[PDB]
Amino acid sequence: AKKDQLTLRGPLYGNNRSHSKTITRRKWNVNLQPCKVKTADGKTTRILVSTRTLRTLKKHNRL
Amino acid sequence: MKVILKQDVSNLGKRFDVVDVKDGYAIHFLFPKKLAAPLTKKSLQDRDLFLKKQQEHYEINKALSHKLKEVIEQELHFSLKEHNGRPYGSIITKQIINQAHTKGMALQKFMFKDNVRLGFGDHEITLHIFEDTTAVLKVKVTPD
RNA sequence: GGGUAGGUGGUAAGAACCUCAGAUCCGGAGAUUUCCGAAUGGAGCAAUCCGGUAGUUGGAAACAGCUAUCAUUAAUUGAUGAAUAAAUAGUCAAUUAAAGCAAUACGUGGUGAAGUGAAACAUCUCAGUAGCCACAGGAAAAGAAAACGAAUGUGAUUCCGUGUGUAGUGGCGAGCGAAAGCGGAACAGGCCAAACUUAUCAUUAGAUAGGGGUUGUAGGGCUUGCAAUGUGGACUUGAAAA
RNA sequence: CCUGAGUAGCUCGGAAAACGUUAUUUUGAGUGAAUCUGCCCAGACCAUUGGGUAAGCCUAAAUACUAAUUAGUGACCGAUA
RNA sequence: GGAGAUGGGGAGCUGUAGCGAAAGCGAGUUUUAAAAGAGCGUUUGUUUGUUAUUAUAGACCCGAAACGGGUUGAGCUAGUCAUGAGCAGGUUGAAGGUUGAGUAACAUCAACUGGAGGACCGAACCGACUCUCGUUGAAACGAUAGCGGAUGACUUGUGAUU
RNA sequence: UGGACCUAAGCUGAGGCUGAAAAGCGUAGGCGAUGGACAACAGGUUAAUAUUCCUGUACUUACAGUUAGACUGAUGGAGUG
RNA sequence: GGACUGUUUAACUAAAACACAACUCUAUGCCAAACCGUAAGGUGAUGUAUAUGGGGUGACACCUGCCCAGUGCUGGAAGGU
RNA sequence: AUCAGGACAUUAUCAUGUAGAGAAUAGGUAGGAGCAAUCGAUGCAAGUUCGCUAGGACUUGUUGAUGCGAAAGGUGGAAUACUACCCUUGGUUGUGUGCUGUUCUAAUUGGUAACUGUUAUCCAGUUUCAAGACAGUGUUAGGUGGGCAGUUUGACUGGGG
RNA sequence: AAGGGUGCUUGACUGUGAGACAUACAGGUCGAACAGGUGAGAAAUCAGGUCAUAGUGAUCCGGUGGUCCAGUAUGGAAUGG
Ligand SMILES: [Mg+2]
Ligand SMILES: [Mg+2]
Ligand SMILES: [Mg+2]
Ligand SMILES: [Mg+2]
Ligand SMILES: [Mg+2]
Ligand SMILES: [Mg+2]
């Protein structure tokens, strides 16, 4: 699954409304990056996490 | 973002102060040796109590660093396969760390400074325990 | 329990019996419930094949009868344990849930066409329709205002009529089409987080379990007094009755 | 003293809403506030006036549907129905 | 309420004042400097029944080739893959090698051996060039008679797969 | 002839990887003959069966109990196949 | 005419078409390029420029002339948009 | 993360400029009649920059109290010292940006190797090795793109073209 | 004369329009007469483009100029008319 693991925010499906307004179905994929994390039992883990939650992790100092 | 520095004055003019600019994932964030100050109590609330805790961990940094110096200076023996003195493979910081657990000491391999040993015999390796505290560890490589 | 005098299911006569010590029949509750099948010991060409483990019986022993148990996954608990010393991954054990089916119907949610109309056609419509898929449920979804919207105003949601085929929107073409207001069916609103306080966690708690508190003509906490013992249910166990 | 932060907004691409993207509502990417003298709203927007307090949860009733059990109905069919 | 007529239910609907794009004015009003002129107005209703026509729904009926979505099919055939089987019979007689001559030594030549080849002739086998027949046939593509390959890029069975 | 033995192509596939969803890929294990390994011949009989039944003579693989000898030697290595 | 042996339009065309040996050109320095798949994964290849994919011709012999204005391809380093 | 370079602003700092006449290198608009001396002159030595080969200035060392016809002369369209504001051009400590260019590593990547879970060519974890803030990846935006999709491609017409 | 020359001007007007022509609709054509304020002329009179007949193209959308129009609570504005 190309959704992240902390939350489950998945792709968003929309239209590729070009000039002259021809419609074409298209997908938006979340930005996934392999940044680490540290749990409160040790067990440092590597999880595919999206960037929006990466910022939240960065400010709550969960690394 | 959390502006704080700790344990030294690194690469620029500052002190054990919050004098820290926004770099984000830089020497601020991948350096787990400097404070990540939450500036909701680090104006005067977390000033004096965290300052005294800084001196506490500072003095116990001297303390435990000196204690591990006593452990070091009271020799690491790493045995290896050598062809009349020149080894087949090589003795790097991780082997030196793992063999230092024969002395009960858990040290980070990033404090062991130096380049790969490719020879039997004795080597004095520099250990950067802290910003102003470096120890000499004796490492002995023996043929097996 | 009811209920009598016949009955042993239909193609069905005959043969042989049960029955008026109350059968069959009818209603309630039970037990049995081969094999496959989510199928789940391991397989497999569905309804077959090959087993393990622990008991007991027979047997001198293989071996055969007769019982129970033996899938995976998730949570929790315990034990064990790596490269590496500790620790985690992993492995073993125990207990509790589901996995499936169908009412071709209804609900939500994801994804999502084309035919056709436009007298052709791409914007558009058909249409968020069909289909595929996940998920329940007896109904679901929604929901108690950071609202309506033009006023000495209404006061959760849902559903029906009307507003109206209106205001608007649309290659301003085809077409699309509300929200207010009004009349009605039904009507209930409750509870956490956080301030503060308590107990304990190498209390580095920034954590665990309590008290307390729930919001708009602003409220609650913090200091100090008075009045309260009561309605109320979105609700636990018993008893009695209809 | 407290009154729900990667939050409301702002920007780039899209959509739900009657509206072919526009106040309002949602969001894949980026940035990003304030704290009752506050915050949002009354179709771009500002001031005045007025309304309401998001960013946490729960909720019967009226509503939709009937393969099913029981009783019954039909200006419904009566074996090419 | 007898799966009733009906009773309640005035919320709304049409008509009662039009004109104007609109604020507005009002039996007048818009245009207009204009009170002239012209435009439009200076009352004839409503609710049902029934019928004709019409609108949105397949909309008198039957009739496409097609378009899109989900599934089922490689047991025929095409290719690939694993594994097995088959090719009666008969000829031609390569390269190479041994020996003898010859060569300063090679090269070359002769004999003998050897037994190759997308070789040869031809049955089973495979394929399908021609005529004739049959063409509601024996047969939804064949028969008699001829025909090409037949140790190879061959033929074929069984299983898997796209 | 085939299972109870073996594996090929290949199929399935715990954990795991990837993918809006279903599913797809794939490791250990497991299946999968068209192949490998495994011990029975002749004759007779019935209306219908036959290396199966019967007659005659055989071999195999396990199991105990027994006599004698010997220290066996695998879930793994090698050779053979 | 085609070099040959072969393959092909089952069920009206077996041919002068297709193949082929050989030739040249081009791409490709290894997680190769090309390819299937959305991605994982896989082929290429348990290969490595004396190798692999693609276009074009088509045994063997002799030959393969002229044009780089246009299209395409490769490179360019200052400028213009 | 760090170092270097050059560009444009500016915090602090200097200057910079020759049509003639004008005792001369006249960049423009003012207040302007005096001005200098340890924030140290005449005479000299050196030098960056500049070049009208003559001149300016800045910076230094010695010098020491007498001086400015570049106040008042005189010229000329603009007139001279001294305190200010505005142009052309250069150097400076300084930031602020990005631009190319290095080095380094902890993010990150791996179809380098070793080890364990493990009798496992996937996988997860640890280390090594190579790369290295590039690549790959998400959004956004240009270009080539019948590989692919939906479609139009008229009518009259002594048959139609 | 509706042709040639001259003087003066700009009626190559504003607001309208009874009554007809020819017309499927759309559109086209002609025009007396009335009000405002003008030009030529002594005055009557004439003049709403030329001797007449062609000389041109709907709607939507958007822009430009003026405005005794509206301005999603109010005042403005944006946006429309
Ligand atoms: Mg408003
Ligand atoms: Mg050719
Ligand atoms: Mg040719
Ligand atoms: Mg004329
Ligand atoms: Mg004319
Ligand atoms: Mg207003």
# chains A, B, ... in the order shown; residues from 1 in each chain; ligands from 1
>>> residues_near_ligand(ligand="ligand 4", cutoff="10 Å", atoms="only C-alpha atoms (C1' of nucleotides) and all ligand atoms", output="ChimeraX atom specification")
/I:49-51
>>> write_last_selection(atoms="C-alpha atoms (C1' of nucleotides)", output="PDB file, in the first residue's frame")
ATOM      1  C1'   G I  49     -26.508  62.394 -46.848  1.00  0.00           C
ATOM      2  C1'   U I  50     -25.347  61.913 -52.357  1.00  0.00           C
ATOM      3  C1'   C I  51     -29.970  60.977 -59.397  1.00  0.00           C
TER       4        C I  51
END
>>> residues_around(residues="residue 158 (chain C)", least_positions_apart="2", cutoff="9 Å", atoms="only C-alpha atoms (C1' of nucleotides)", output="list in words")
residues 142 of chain C; 62 and 63 of chain D
>>> write_last_selection(atoms="N, CA and C atoms (P, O5', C5', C4', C3', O3' and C1' of nucleotides)", output="PDB file, in the first residue's frame")
ATOM      1  P     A C 142     -21.927   9.494   9.486  1.00  0.00           P
ATOM      2  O5'   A C 142     -23.193  10.454   9.395  1.00  0.00           O
ATOM      3  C5'   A C 142     -23.197  11.441   8.360  1.00  0.00           C
ATOM      4  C4'   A C 142     -24.224  12.497   8.649  1.00  0.00           C
ATOM      5  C3'   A C 142     -24.097  13.206   9.999  1.00  0.00           C
ATOM      6  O3'   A C 142     -23.242  14.339   9.875  1.00  0.00           O
ATOM      7  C1'   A C 142     -26.322  12.486   9.627  1.00  0.00           C
TER       8        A C 142
ATOM      9  P     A D  62     -39.669   5.243  14.052  1.00  0.00           P
ATOM     10  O5'   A D  62     -40.226   6.057  12.809  1.00  0.00           O
ATOM     11  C5'   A D  62     -41.527   6.611  12.887  1.00  0.00           C
ATOM     12  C4'   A D  62     -41.502   8.031  12.359  1.00  0.00           C
ATOM     13  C3'   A D  62     -41.100   8.217  10.898  1.00  0.00           C
ATOM     14  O3'   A D  62     -42.223   7.991  10.034  1.00  0.00           O
ATOM     15  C1'   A D  62     -40.123   9.906  12.285  1.00  0.00           C
ATOM     16  P     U D  63     -42.266   6.707   9.053  1.00  0.00           P
ATOM     17  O5'   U D  63     -40.975   6.919   8.181  1.00  0.00           O
ATOM     18  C5'   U D  63     -40.812   8.120   7.445  1.00  0.00           C
ATOM     19  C4'   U D  63     -39.463   8.087   6.774  1.00  0.00           C
ATOM     20  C3'   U D  63     -39.154   6.860   5.932  1.00  0.00           C
ATOM     21  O3'   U D  63     -39.835   6.903   4.693  1.00  0.00           O
ATOM     22  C1'   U D  63     -37.264   7.403   7.250  1.00  0.00           C
TER      23        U D  63
END
>>> residues_around(residues="region 27-32 of chain H", least_positions_apart="6", cutoff="8 Å", atoms="only C-alpha atoms (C1' of nucleotides)", output="list in words")
residues 17, 86, 87 and 88 of chain H
>>> write_last_selection(atoms="C-alpha atoms (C1' of nucleotides)", output="PDB file, in the first residue's frame")
ATOM      1  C1'   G H  17      35.138  63.208 -13.354  1.00  0.00           C
ATOM      2  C1'   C H  86      22.133  64.586  -5.577  1.00  0.00           C
ATOM      3  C1'   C H  87      24.927  61.905 -10.312  1.00  0.00           C
ATOM      4  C1'   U H  88      29.571  58.616 -13.315  1.00  0.00           C
TER       5        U H  88
END
>>> residues_around(residues="residue 18 (chain F)", least_positions_apart="6", cutoff="9 Å", atoms="only C-alpha atoms (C1' of nucleotides)", output="ChimeraX atom specification")
/A:1-2 /F:24-25 /G:39-41
>>> write_last_selection(atoms="N, CA, C and O atoms (P, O5', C5', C4', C3', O3' and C1' of nucleotides)", output="PDB file, in the first residue's frame")
ATOM      1  N   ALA A   1       0.834  -1.191   0.000  1.00  0.00           N
ATOM      2  CA  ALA A   1       0.000   0.000   0.000  1.00  0.00           C
ATOM      3  C   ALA A   1       0.870   1.242   0.000  1.00  0.00           C
ATOM      4  O   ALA A   1       1.774   1.368   0.817  1.00  0.00           O
ATOM      5  N   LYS A   2       0.589   2.168  -0.915  1.00  0.00           N
ATOM      6  CA  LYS A   2       1.361   3.397  -1.026  1.00  0.00           C
ATOM      7  C   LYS A   2       0.834   4.478  -0.084  1.00  0.00           C
ATOM      8  O   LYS A   2       1.023   5.672  -0.331  1.00  0.00           O
TER       9      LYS A   2
ATOM     10  P     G F  24      -3.745 -13.340  -7.753  1.00  0.00           P
ATOM     11  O5'   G F  24      -2.661 -12.242  -8.083  1.00  0.00           O
ATOM     12  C5'   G F  24      -2.568 -11.687  -9.409  1.00  0.00           C
ATOM     13  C4'   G F  24      -1.287 -10.898  -9.542  1.00  0.00           C
ATOM     14  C3'   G F  24       0.010 -11.620  -9.191  1.00  0.00           C
ATOM     15  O3'   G F  24       0.503 -12.451 -10.243  1.00  0.00           O
ATOM     16  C1'   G F  24      -0.043  -9.528  -8.098  1.00  0.00           C
ATOM     17  P     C F  25       1.471 -13.730  -9.940  1.00  0.00           P
ATOM     18  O5'   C F  25       2.757 -13.047  -9.302  1.00  0.00           O
ATOM     19  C5'   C F  25       3.642 -12.205 -10.041  1.00  0.00           C
ATOM     20  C4'   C F  25       4.819 -11.866  -9.163  1.00  0.00           C
ATOM     21  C3'   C F  25       5.522 -13.018  -8.478  1.00  0.00           C
ATOM     22  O3'   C F  25       6.439 -13.729  -9.319  1.00  0.00           O
ATOM     23  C1'   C F  25       5.216 -11.238  -6.930  1.00  0.00           C
TER      24        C F  25
ATOM     25  P     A G  39       5.391   1.511 -13.676  1.00  0.00           P
ATOM     26  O5'   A G  39       5.543   1.263 -12.127  1.00  0.00           O
ATOM     27  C5'   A G  39       6.749   0.752 -11.588  1.00  0.00           C
ATOM     28  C4'   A G  39       6.537   0.419 -10.116  1.00  0.00           C
ATOM     29  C3'   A G  39       7.325  -0.789  -9.624  1.00  0.00           C
ATOM     30  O3'   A G  39       8.653  -0.423  -9.217  1.00  0.00           O
ATOM     31  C1'   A G  39       5.071  -0.954  -8.914  1.00  0.00           C
ATOM     32  P     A G  40       9.849  -1.483  -9.330  1.00  0.00           P
ATOM     33  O5'   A G  40       9.397  -2.639  -8.347  1.00  0.00           O
ATOM     34  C5'   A G  40       9.739  -2.580  -6.956  1.00  0.00           C
ATOM     35  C4'   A G  40       9.105  -3.730  -6.206  1.00  0.00           C
ATOM     36  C3'   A G  40       9.675  -5.120  -6.496  1.00  0.00           C
ATOM     37  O3'   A G  40      10.823  -5.430  -5.709  1.00  0.00           O
ATOM     38  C1'   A G  40       7.323  -5.171  -6.582  1.00  0.00           C
ATOM     39  P     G G  41      12.178  -5.881  -6.412  1.00  0.00           P
ATOM     40  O5'   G G  41      11.784  -7.154  -7.257  1.00  0.00           O
ATOM     41  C5'   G G  41      11.251  -8.291  -6.610  1.00  0.00           C
ATOM     42  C4'   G G  41      10.553  -9.155  -7.629  1.00  0.00           C
ATOM     43  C3'   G G  41      11.385  -9.649  -8.797  1.00  0.00           C
ATOM     44  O3'   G G  41      12.182 -10.775  -8.463  1.00  0.00           O
ATOM     45  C1'   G G  41       9.328  -8.839  -9.618  1.00  0.00           C
TER      46        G G  41
END
>>> residues_near_ligand(ligand="ligand 1", cutoff="12 Å", atoms="only C-alpha atoms (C1' of nucleotides) and all ligand atoms", output="PyMOL selection string")
(chain C and resi 149-150) or (chain D and resi 23+41-46+50) or (chain I and resi 71-74)
>>> residues_around(residues="residue 132 (chain B)", least_positions_apart="2", cutoff="12 Å", atoms="only C-alpha atoms (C1' of nucleotides)", output="list in words")
residues 7, 8, 9, 10, 58, 61, 62, 65, 127, 128, 129, 130, 134 and 135 of chain B
>>> select_by_dssp(residues="region 8-41 of chain A", states="strand (DSSP E or B)", output="list in words")
residues 12, 13, 14, 15, 25, 26, 27, 28, 32, 33, 36, 37, 38, 39 and 40 of chain A
>>> atom_distance(atom1="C1' of residue 41 (chain F)", atom2="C1' of residue 58 (chain F)")
8.0 Å
>>> interface_residues(of="chain A", to="chain F", cutoff="12 Å", atoms="only C-alpha atoms (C1' of nucleotides)", output="count of residues only")
13
>>> residues_near_ligand(ligand="ligand 3", cutoff="10 Å", atoms="only C-alpha atoms (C1' of nucleotides) and all ligand atoms", output="ChimeraX atom specification")
/G:1-2,57-58
>>> write_last_selection(atoms="C-alpha atoms (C1' of nucleotides)", output="PDB file, in the first residue's frame")
ATOM      1  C1'   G G   1      12.404 -15.244 -60.245  1.00  0.00           C
ATOM      2  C1'   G G   2      14.431 -16.855 -55.706  1.00  0.00           C
ATOM      3  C1'   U G  57      19.524  -5.810 -47.373  1.00  0.00           C
ATOM      4  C1'   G G  58      19.661 -11.516 -48.216  1.00  0.00           C
TER       5        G G  58
END
>>> interface_residues(of="chain B", to="chain C", cutoff="9 Å", atoms="only C-alpha atoms (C1' of nucleotides)", output="mmCIF file with C-alpha atoms, in the first residue's frame")
data_model
loop_
_atom_site.group_PDB
_atom_site.id
_atom_site.type_symbol
_atom_site.label_atom_id
_atom_site.label_comp_id
_atom_site.auth_asym_id
_atom_site.auth_seq_id
_atom_site.Cartn_x
_atom_site.Cartn_y
_atom_site.Cartn_z
ATOM 1 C CA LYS B 53 20.730 20.180 35.262
ATOM 2 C CA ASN B 98 32.482 -4.842 20.579
ATOM 3 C CA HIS B 101 32.366 -4.796 25.984
ATOM 4 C CA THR B 102 34.915 -7.352 27.380
ATOM 5 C CA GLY B 104 31.818 -4.008 30.433
ATOM 6 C CA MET B 105 31.893 -0.633 28.700
ATOM 7 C CA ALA B 106 29.274 0.378 26.145
#
>>> atom_distance(atom1="CA of residue 30 (chain B)", atom2="CA of residue 110 (chain B)")
13.5 Å
>>> interface_residues(of="chain A", to="chain C", cutoff="8 Å", atoms="only C-alpha atoms (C1' of nucleotides)", output="ChimeraX atom specification")
/A:20-22,42-43
>>> closest_residue(among="A:57, A:35, A:62, A:30", to="residue 4 (chain A)", atoms="only C-alpha atoms")
A:30
>>> residues_around(residues="region 142-154 of chain E", least_positions_apart="2", cutoff="8 Å", atoms="only C-alpha atoms (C1' of nucleotides)", output="list in words")
residues 87, 118, 127, 129 and 139 of chain E; 6 of chain G
>>> write_last_selection(atoms="C-alpha atoms (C1' of nucleotides)", output="PDB file, in the first residue's frame")
ATOM      1  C1'   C E  87      11.606 -43.075 -38.555  1.00  0.00           C
ATOM      2  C1'   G E 118      19.380 -29.341 -43.077  1.00  0.00           C
ATOM      3  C1'   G E 127       2.058 -32.369 -45.572  1.00  0.00           C
ATOM      4  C1'   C E 129       0.455 -29.489 -55.824  1.00  0.00           C
ATOM      5  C1'   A E 139     -18.080 -35.940 -44.705  1.00  0.00           C
TER       6        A E 139
ATOM      7  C1'   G G   6      12.577 -25.223 -45.061  1.00  0.00           C
TER       8        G G   6
END
